[PDB]
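Raw contents of data-v5.cif, mmCIF, C-alpha atoms:
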```cif
data_target
#
loop_
_atom_site.group_PDB
_atom_site.id
_atom_site.type_symbol
_atom_site.label_atom_id
_atom_site.label_comp_id
_atom_site.auth_asym_id
_atom_site.auth_seq_id
_atom_site.Cartn_x
_atom_site.Cartn_y
_atom_site.Cartn_z
ATOM 1 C CA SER A 1 96.325 86.674 166.346
ATOM 2 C CA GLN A 2 98.181 84.861 169.165
ATOM 3 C CA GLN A 3 95.121 82.702 169.629
ATOM 4 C CA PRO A 4 95.817 79.160 170.789
ATOM 5 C CA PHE A 5 97.132 77.367 167.715
ATOM 6 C CA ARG A 6 96.343 73.790 166.733
ATOM 7 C CA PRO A 7 98.637 71.891 164.360
ATOM 8 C CA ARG A 8 97.505 68.569 162.922
ATOM 9 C CA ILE A 9 99.369 65.542 161.578
ATOM 10 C CA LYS A 10 98.053 62.666 159.483
ATOM 11 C CA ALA A 11 98.811 59.299 161.047
ATOM 12 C CA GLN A 12 100.217 56.634 158.779
ATOM 13 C CA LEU A 13 97.736 54.200 157.328
ATOM 14 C CA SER A 14 98.058 50.609 158.528
ATOM 15 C CA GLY A 15 95.879 47.560 158.929
ATOM 16 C CA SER A 16 95.356 44.736 156.469
ATOM 17 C CA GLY A 17 93.238 45.585 153.477
ATOM 18 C CA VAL A 18 91.149 43.062 151.572
ATOM 19 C CA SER A 19 92.445 39.977 149.777
ATOM 20 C CA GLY A 20 91.286 38.712 146.415
ATOM 21 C CA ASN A 21 87.669 39.212 145.406
ATOM 22 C CA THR A 22 86.603 40.762 148.706
ATOM 23 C CA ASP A 23 84.671 44.000 148.964
ATOM 24 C CA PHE A 24 86.554 47.118 150.009
ATOM 25 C CA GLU A 25 83.802 47.357 152.641
ATOM 26 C CA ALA A 26 84.988 44.196 154.390
ATOM 27 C CA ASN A 27 87.957 46.044 155.920
ATOM 28 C CA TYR A 28 87.770 49.819 155.885
ATOM 29 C CA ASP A 29 90.801 51.764 156.979
ATOM 30 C CA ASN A 30 90.663 54.726 159.340
ATOM 31 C CA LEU A 31 92.147 58.047 158.293
ATOM 32 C CA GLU A 32 93.562 59.161 161.638
ATOM 33 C CA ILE A 33 94.320 62.836 162.410
ATOM 34 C CA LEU A 34 96.261 63.902 165.516
ATOM 35 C CA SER A 35 96.471 67.433 166.854
ATOM 36 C CA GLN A 36 98.194 69.552 169.459
ATOM 37 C CA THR A 37 97.048 72.738 171.180
ATOM 38 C CA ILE A 38 99.698 75.416 171.756
ATOM 39 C CA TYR A 39 98.650 78.084 174.315
ATOM 40 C CA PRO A 40 100.638 81.288 174.925
ATOM 41 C CA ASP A 41 102.335 82.324 178.143
ATOM 42 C CA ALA A 42 103.174 85.868 179.217
ATOM 43 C CA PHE A 43 106.389 86.665 181.059
ATOM 44 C CA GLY A 44 108.500 89.713 181.704
ATOM 45 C CA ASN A 45 111.038 91.564 183.796
ATOM 46 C CA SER A 46 111.612 95.091 185.024
ATOM 47 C CA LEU A 47 114.354 97.357 186.361
ATOM 48 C CA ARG A 48 113.613 100.192 188.787
ATOM 49 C CA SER A 49 116.206 102.995 188.499
ATOM 50 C CA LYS A 50 117.354 105.145 191.473
ATOM 51 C CA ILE A 51 116.704 108.924 191.922
ATOM 52 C CA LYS A 52 117.685 110.897 188.734
ATOM 53 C CA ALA A 53 120.373 112.885 190.672
ATOM 54 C CA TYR A 54 122.245 109.672 191.581
ATOM 55 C CA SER B 1 50.785 54.380 129.017
ATOM 56 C CA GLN B 2 51.147 50.973 130.615
ATOM 57 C CA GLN B 3 47.933 51.217 132.562
ATOM 58 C CA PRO B 4 45.795 48.156 133.281
ATOM 59 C CA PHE B 5 44.160 47.482 129.924
ATOM 60 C CA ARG B 6 40.557 46.446 129.276
ATOM 61 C CA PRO B 7 39.533 44.525 126.136
ATOM 62 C CA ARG B 8 35.885 43.935 125.269
ATOM 63 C CA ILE B 9 33.963 41.511 123.056
ATOM 64 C CA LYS B 10 30.472 41.757 121.576
ATOM 65 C CA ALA B 11 28.290 38.671 121.971
ATOM 66 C CA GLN B 12 25.769 37.399 119.428
ATOM 67 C CA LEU B 13 22.102 38.276 119.124
ATOM 68 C CA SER B 14 19.718 35.420 119.822
ATOM 69 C CA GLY B 15 16.236 36.922 120.075
ATOM 70 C CA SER B 16 13.228 36.195 117.936
ATOM 71 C CA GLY B 17 12.256 39.524 116.475
ATOM 72 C CA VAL B 18 8.898 40.632 115.090
ATOM 73 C CA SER B 19 6.879 38.666 112.544
ATOM 74 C CA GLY B 20 4.117 40.485 110.709
ATOM 75 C CA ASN B 21 3.584 44.205 110.821
ATOM 76 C CA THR B 22 4.135 43.825 114.559
ATOM 77 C CA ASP B 23 6.498 46.616 115.428
ATOM 78 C CA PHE B 24 9.981 46.484 116.865
ATOM 79 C CA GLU B 25 9.034 47.433 120.428
ATOM 80 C CA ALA B 26 7.086 44.185 120.800
ATOM 81 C CA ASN B 27 10.379 42.289 121.118
ATOM 82 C CA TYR B 28 13.530 44.328 121.621
ATOM 83 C CA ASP B 29 16.895 42.625 121.349
ATOM 84 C CA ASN B 30 19.780 42.997 123.789
ATOM 85 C CA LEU B 31 23.278 43.943 122.636
ATOM 86 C CA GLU B 32 25.331 42.116 125.254
ATOM 87 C CA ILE B 33 29.023 43.095 125.758
ATOM 88 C CA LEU B 34 31.713 41.295 127.799
ATOM 89 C CA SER B 35 35.014 42.517 129.129
ATOM 90 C CA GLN B 36 38.299 41.545 130.728
ATOM 91 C CA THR B 37 40.939 43.566 132.567
ATOM 92 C CA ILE B 38 44.668 42.843 132.266
ATOM 93 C CA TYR B 39 47.003 44.147 134.952
ATOM 94 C CA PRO B 40 50.788 44.412 134.556
ATOM 95 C CA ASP B 41 53.493 42.745 136.612
ATOM 96 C CA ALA B 42 57.197 43.440 137.039
ATOM 97 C CA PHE B 43 60.023 40.920 137.189
ATOM 98 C CA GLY B 44 63.754 40.916 136.673
ATOM 99 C CA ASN B 45 67.121 39.314 137.296
ATOM 100 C CA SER B 46 70.682 40.431 137.923
ATOM 101 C CA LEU B 47 74.341 39.401 137.860
ATOM 102 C CA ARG B 48 77.043 40.870 140.099
ATOM 103 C CA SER B 49 80.647 40.622 138.836
ATOM 104 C CA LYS B 50 84.016 39.945 140.466
ATOM 105 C CA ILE B 51 86.800 42.546 140.926
ATOM 106 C CA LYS B 52 87.757 44.143 137.621
ATOM 107 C CA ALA B 53 91.296 42.763 137.702
ATOM 108 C CA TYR B 54 89.929 39.235 138.094
#
```

Could you take the file, read its structure, and then write that structure out as structure tokens?
Amino acid sequence: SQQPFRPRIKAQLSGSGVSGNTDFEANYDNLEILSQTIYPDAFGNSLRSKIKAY
Amino acid sequence: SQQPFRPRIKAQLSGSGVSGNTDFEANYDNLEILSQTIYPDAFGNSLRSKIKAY
């Protein structure tokens, strides 16, 4: 559809978790999603011919 | 149905009745009845574990 496209990547998961008998809720991790927006451009060229006879 | 319960007891007659051919209405006796109401109450305890691997 040549609409502006948007690709997404999943960032790698980092950050220290939880040690020992500690609740998962003491250090949540963040699922991080990055994106890009690709917009189209229009471009062109043209040749103008001379009189048919020539 | 664990609704607040009500037990009842019947007391003892203590009136002097009628003696000769005197009739019952001359001294009526009183059937006296007593009661108590028992309400419920909720209590409880709990234990929270460690991590399953521990």

Check your understanding: Evaluating the PyMOL selection byres ((chain A) within 12 of (chain B)) on the displayed file yields which residues, as a ChimeraX atom specification?
Key -> /A:18-24

Atom pair atom CA of residue A:33 + atom CA of residue A:3, distance 21.2 Å

| message | Quick one: residues within 8 Å of residue A:13, only C-alpha atoms, excluding same-chain residues fewer than 6 positions away - as a PyMOL selection string? | response | chain A and resi 29-32

Take the residues just selected and output them with C-alpha atoms as a PDB file, in the frame of the given file.
```pdb
ATOM      1  CA  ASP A  29      90.801  51.764 156.979  1.00  0.00           C
ATOM      2  CA  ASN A  30      90.663  54.726 159.340  1.00  0.00           C
ATOM      3  CA  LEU A  31      92.147  58.047 158.293  1.00  0.00           C
ATOM      4  CA  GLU A  32      93.562  59.161 161.638  1.00  0.00           C
TER       5      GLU A  32
END
```

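Take the candidates B:26, B:42, B:34, B:47 and check each one against residue B:10 using only C-alpha atoms; the shortest distance goes to B:34.
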
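Taking atom CA of residue A:9 and atom CA of residue A:35 as the two end points, the separation is 6.3 Å.
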
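Note that the spacing between atom CA of residue A:1 and atom CA of residue A:40 amounts to 11.0 Å.
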
Return chain A as a PDB file with C-alpha atoms, in the coordinates of the input, after superposing it on chain B by a least-squares fit that covers all C-alpha atoms paired in order.
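Contents of the output file out06.pdb:
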```pdb
ATOM      1  CA  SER A   1      50.887  54.544 129.325  1.00  0.00           C
ATOM      2  CA  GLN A   2      51.080  50.939 130.607  1.00  0.00           C
ATOM      3  CA  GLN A   3      47.834  51.541 132.433  1.00  0.00           C
ATOM      4  CA  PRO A   4      45.598  48.498 132.779  1.00  0.00           C
ATOM      5  CA  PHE A   5      44.063  48.019 129.343  1.00  0.00           C
ATOM      6  CA  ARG A   6      40.491  46.954 128.645  1.00  0.00           C
ATOM      7  CA  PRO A   7      39.556  45.429 125.284  1.00  0.00           C
ATOM      8  CA  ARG A   8      35.899  44.954 124.397  1.00  0.00           C
ATOM      9  CA  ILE A   9      34.074  42.590 122.047  1.00  0.00           C
ATOM     10  CA  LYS A  10      30.522  42.802 120.733  1.00  0.00           C
ATOM     11  CA  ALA A  11      28.562  39.629 121.403  1.00  0.00           C
ATOM     12  CA  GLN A  12      26.564  38.211 118.536  1.00  0.00           C
ATOM     13  CA  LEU A  13      22.921  39.160 118.413  1.00  0.00           C
ATOM     14  CA  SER A  14      20.460  36.322 118.984  1.00  0.00           C
ATOM     15  CA  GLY A  15      16.933  35.850 120.228  1.00  0.00           C
ATOM     16  CA  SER A  16      13.748  35.729 118.194  1.00  0.00           C
ATOM     17  CA  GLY A  17      12.589  39.038 116.827  1.00  0.00           C
ATOM     18  CA  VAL A  18       8.966  39.884 116.106  1.00  0.00           C
ATOM     19  CA  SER A  19       6.685  38.078 113.665  1.00  0.00           C
ATOM     20  CA  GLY A  20       4.214  39.701 111.319  1.00  0.00           C
ATOM     21  CA  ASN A  21       2.477  42.892 112.392  1.00  0.00           C
ATOM     22  CA  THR A  22       4.001  42.959 115.871  1.00  0.00           C
ATOM     23  CA  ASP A  23       5.692  45.997 117.351  1.00  0.00           C
ATOM     24  CA  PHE A  24       9.479  46.033 117.496  1.00  0.00           C
ATOM     25  CA  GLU A  25       8.885  46.793 121.187  1.00  0.00           C
ATOM     26  CA  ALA A  26       7.363  43.364 121.807  1.00  0.00           C
ATOM     27  CA  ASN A  27      10.804  41.714 121.697  1.00  0.00           C
ATOM     28  CA  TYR A  28      13.774  44.023 122.058  1.00  0.00           C
ATOM     29  CA  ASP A  29      17.218  42.590 121.553  1.00  0.00           C
ATOM     30  CA  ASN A  30      20.145  43.281 123.859  1.00  0.00           C
ATOM     31  CA  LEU A  31      23.369  44.678 122.452  1.00  0.00           C
ATOM     32  CA  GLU A  32      25.848  42.805 124.638  1.00  0.00           C
ATOM     33  CA  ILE A  33      29.431  44.044 125.183  1.00  0.00           C
ATOM     34  CA  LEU A  34      32.087  41.901 126.887  1.00  0.00           C
ATOM     35  CA  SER A  35      35.407  43.162 128.187  1.00  0.00           C
ATOM     36  CA  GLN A  36      38.682  42.004 129.662  1.00  0.00           C
ATOM     37  CA  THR A  37      41.105  43.801 131.970  1.00  0.00           C
ATOM     38  CA  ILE A  38      44.819  43.287 131.281  1.00  0.00           C
ATOM     39  CA  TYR A  39      47.079  44.329 134.208  1.00  0.00           C
ATOM     40  CA  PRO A  40      50.883  44.546 133.935  1.00  0.00           C
ATOM     41  CA  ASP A  41      53.414  42.497 135.860  1.00  0.00           C
ATOM     42  CA  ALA A  42      57.008  43.466 136.608  1.00  0.00           C
ATOM     43  CA  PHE A  43      59.798  40.901 136.553  1.00  0.00           C
ATOM     44  CA  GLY A  44      63.547  40.930 136.234  1.00  0.00           C
ATOM     45  CA  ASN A  45      66.903  39.309 136.826  1.00  0.00           C
ATOM     46  CA  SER A  46      70.383  40.375 137.842  1.00  0.00           C
ATOM     47  CA  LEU A  47      73.998  39.207 137.720  1.00  0.00           C
ATOM     48  CA  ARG A  48      76.522  40.201 140.387  1.00  0.00           C
ATOM     49  CA  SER A  49      80.093  40.200 139.004  1.00  0.00           C
ATOM     50  CA  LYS A  50      83.184  39.274 141.095  1.00  0.00           C
ATOM     51  CA  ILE A  51      86.035  41.671 142.109  1.00  0.00           C
ATOM     52  CA  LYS A  52      87.366  43.632 139.043  1.00  0.00           C
ATOM     53  CA  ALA A  53      90.875  42.060 139.437  1.00  0.00           C
ATOM     54  CA  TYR A  54      89.461  38.532 138.981  1.00  0.00           C
TER      55      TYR A  54
END
```

Review point. Written as a ChimeraX atom specification, what is the full residue list that the PyMOL selection byres ((chain A and resi 39) around 8) yields on the file shown?
Key: /A:3-5,37-38,40-41

Find the axis-aligned box for stretch 28-35 of chain B, covering all its listed atoms and adding 6 Å on each side, and write its centre and edge lengths in Å to one decimal as AutoDock Vina command-line options.
```
--center_x 24.3 --center_y 42.8 --center_z 125.2 --size_x 33.5 --size_y 15.0 --size_z 19.8
```

### Task
Would you list the contacts of residue A:36 as a PyMOL selection string, taking every protein, DNA or RNA residue within 7 Å and counting all atoms listed in the file, but skipping same-chain residues closer than 5 positions in sequence?
chain A and resi 6-8

Store the residues picked out above in a file with C-alpha atoms, as a PDB file, keeping the file's coordinate frame.
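The resulting result_2.pdb:
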```pdb
ATOM      1  CA  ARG A   6      96.343  73.790 166.733  1.00  0.00           C
ATOM      2  CA  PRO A   7      98.637  71.891 164.360  1.00  0.00           C
ATOM      3  CA  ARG A   8      97.505  68.569 162.922  1.00  0.00           C
TER       4      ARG A   8
END
```

Have stretch 26-50 of chain B completed to N, CA, C and O atoms, please, and pass it along as a CSV table (one decimal), in the frame of the given file.
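part06.csv was written with the following content:
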```csv
chain,number,residue,atom,x,y,z
B,26,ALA,N,7.7,45.4,120.2
B,26,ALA,CA,7.1,44.2,120.8
B,26,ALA,C,8.1,43.2,121.3
B,26,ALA,O,7.9,42.4,122.2
B,27,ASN,N,9.3,43.2,120.7
B,27,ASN,CA,10.4,42.3,121.1
B,27,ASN,C,11.7,43.0,120.8
B,27,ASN,O,12.2,42.9,119.7
B,28,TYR,N,12.2,43.7,121.8
B,28,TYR,CA,13.5,44.3,121.6
B,28,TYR,C,14.6,43.3,121.8
B,28,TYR,O,14.5,42.3,122.6
B,29,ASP,N,15.7,43.5,121.2
B,29,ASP,CA,16.9,42.6,121.3
B,29,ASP,C,17.9,43.3,122.2
B,29,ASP,O,17.9,44.5,122.4
B,30,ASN,N,18.8,42.5,122.8
B,30,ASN,CA,19.8,43.0,123.8
B,30,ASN,C,21.2,42.8,123.3
B,30,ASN,O,21.7,41.7,123.1
B,31,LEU,N,21.9,43.9,123.0
B,31,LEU,CA,23.3,43.9,122.6
B,31,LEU,C,24.1,43.7,123.9
B,31,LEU,O,24.4,44.6,124.7
B,32,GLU,N,24.6,42.5,124.1
B,32,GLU,CA,25.3,42.1,125.3
B,32,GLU,C,26.8,42.2,125.0
B,32,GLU,O,27.3,41.9,123.9
B,33,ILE,N,27.6,42.8,125.9
B,33,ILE,CA,29.0,43.1,125.8
B,33,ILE,C,29.8,42.6,127.0
B,33,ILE,O,29.4,42.9,128.1
B,34,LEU,N,30.9,41.9,126.8
B,34,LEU,CA,31.7,41.3,127.8
B,34,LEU,C,33.1,41.9,127.8
B,34,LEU,O,33.5,42.6,126.8
B,35,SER,N,33.8,41.8,128.9
B,35,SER,CA,35.0,42.5,129.1
B,35,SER,C,36.0,41.7,130.0
B,35,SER,O,35.6,40.8,130.7
B,36,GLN,N,37.3,42.1,129.9
B,36,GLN,CA,38.3,41.5,130.7
B,36,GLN,C,39.3,42.7,131.0
B,36,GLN,O,39.5,43.6,130.2
B,37,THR,N,39.9,42.6,132.2
B,37,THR,CA,40.9,43.6,132.6
B,37,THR,C,42.3,42.9,132.8
B,37,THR,O,42.3,41.9,133.6
B,38,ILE,N,43.3,43.4,132.2
B,38,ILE,CA,44.7,42.8,132.3
B,38,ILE,C,45.6,43.8,133.0
B,38,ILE,O,45.8,44.9,132.5
B,39,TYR,N,46.1,43.4,134.1
B,39,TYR,CA,47.0,44.1,135.0
B,39,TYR,C,48.5,43.8,134.7
B,39,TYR,O,48.7,42.6,134.3
B,40,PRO,N,49.4,44.7,134.8
B,40,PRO,CA,50.8,44.4,134.6
B,40,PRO,C,51.4,43.8,135.8
B,40,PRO,O,50.9,43.7,136.9
B,41,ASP,N,52.7,43.4,135.6
B,41,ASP,CA,53.5,42.7,136.6
B,41,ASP,C,55.0,42.9,136.2
B,41,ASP,O,55.3,42.9,135.1
B,42,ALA,N,55.8,43.1,137.3
B,42,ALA,CA,57.2,43.4,137.0
B,42,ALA,C,58.1,42.3,137.6
B,42,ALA,O,57.8,41.8,138.7
B,43,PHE,N,59.1,42.0,136.8
B,43,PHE,CA,60.0,40.9,137.2
B,43,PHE,C,61.4,41.3,136.6
B,43,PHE,O,61.5,42.1,135.7
B,44,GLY,N,62.4,40.6,137.2
B,44,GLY,CA,63.8,40.9,136.7
B,44,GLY,C,64.8,40.0,137.4
B,44,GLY,O,64.5,39.3,138.3
B,45,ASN,N,66.0,40.1,136.9
B,45,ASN,CA,67.1,39.3,137.3
B,45,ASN,C,68.4,40.2,137.3
B,45,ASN,O,68.4,41.3,136.7
B,46,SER,N,69.5,39.6,137.8
B,46,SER,CA,70.7,40.4,137.9
B,46,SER,C,71.9,39.5,138.1
B,46,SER,O,71.8,38.5,138.7
B,47,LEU,N,73.0,40.0,137.7
B,47,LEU,CA,74.3,39.4,137.9
B,47,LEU,C,75.3,40.4,138.4
B,47,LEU,O,75.5,41.5,137.8
B,48,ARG,N,76.0,40.0,139.5
B,48,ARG,CA,77.0,40.9,140.1
B,48,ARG,C,78.4,40.3,139.8
B,48,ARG,O,78.6,39.1,140.0
B,49,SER,N,79.3,41.1,139.3
B,49,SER,CA,80.6,40.6,138.8
B,49,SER,C,81.7,40.4,139.9
B,49,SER,O,81.3,40.6,141.1
B,50,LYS,N,82.9,40.1,139.5
B,50,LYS,CA,84.0,39.9,140.5
B,50,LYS,C,84.8,41.3,140.4
B,50,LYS,O,84.2,42.3,139.9
```
